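**Q** sequence? don't have it. structure:
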């Protein structure tokens, strides 16, 4: 159907360290935003599959953690946690064999 | 094999607006970090599949954008872009039908 935009997930080396970065790109305006840039991270190849998990108490508490931490940053003002909705995804990251 | 940690991807309502949040959780220490919190975002159900794309010039330029934007933030000091490595993932987000 009609395209709203794109999201990209990158592994990027910067200053010889590896980072994960996510970028949004609007379709109509082509405007880009950095959504995530974290690391250093392990190289790819040691992650499991993304699996959808339930939205029970453990998952709701992950949402509270996210809101508490975002409130420390302040990008979106003072937020009040409501709830985590489906889908929630989990991936295991393994050490190198 | 040996578990290093987990990553979670959430859709979280806060102050009645929908956000995407990513959280890391270390296996041994259980320590958590907020990696991403952006929005407001469209509800789930209108995204395509994540598809691995090539790491040619367009993708390298996404890495430069990410590093330039992270340098404005300063969390990791002044970084020098090196390169984007495989895998690079792209998803299309559609408007509501």
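**A** Great, that's in hand. Numbers count the residues shown, from 1 in each chain, chains lettered A, B, ... in the order given.

**Q** which stretches of chain A form helices?
**A** With DSSP state H, the ranges of helices along chain A come out as A:57-73.

**Q** centroid-nearest residue for it?
**A** residue A:36 (6.5 Å; CA atoms, centre = their mean).

**Q** in the sheet, who's paired with it?
**A** residue A:22, residue B:36 (DSSP bridges).

**Q** okay, strands next: where are they in chain A?
**A** A:3-14, A:17-26, A:32-38, A:51-53, A:81-94 (DSSP state E).

**Q** please enumerate residues in contact with the third one?
**A** For strand A:32-38, contacts defined as CB atoms under 8 Å, 6 or more residues apart in numbering or on different chains pick out A:7, A:19-26, B:20, B:22, B:24, B:33, B:35-36, B:38, B:65-66, B:69-70, B:73, B:75-76. Placement of C-beta: from N, CA and C, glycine included.

**Q** need the buried ones from those selected in PyMOL.
**A** To isolate the buried members of the contacts of strand A:32-38 in PyMOL, using 16 or more other CB atoms under 10 Å in any protein chain shown:
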select buried, (chain A and resi 7+19+20+21+22+23+24+25) or (chain B and resi 20+22+24+35+36+38+65+66+69+70+76)
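
**Q** per the record, what domains does chain A have?
**A** Domain assignment for chain A, taken from automatic domain parsing, gives A:1-41, A:45-97.

**Q** right, is the longest one up against chain B?
**A** Spelled out, that is domain A:45-97. Yes - contact of domain A:45-97 with chain B (CB under 8 Å from any CB of the partner chain) involves A:46, A:50, A:59, A:62-63, A:65-67, A:69-70, A:73, A:75-77, A:79-95, A:97.
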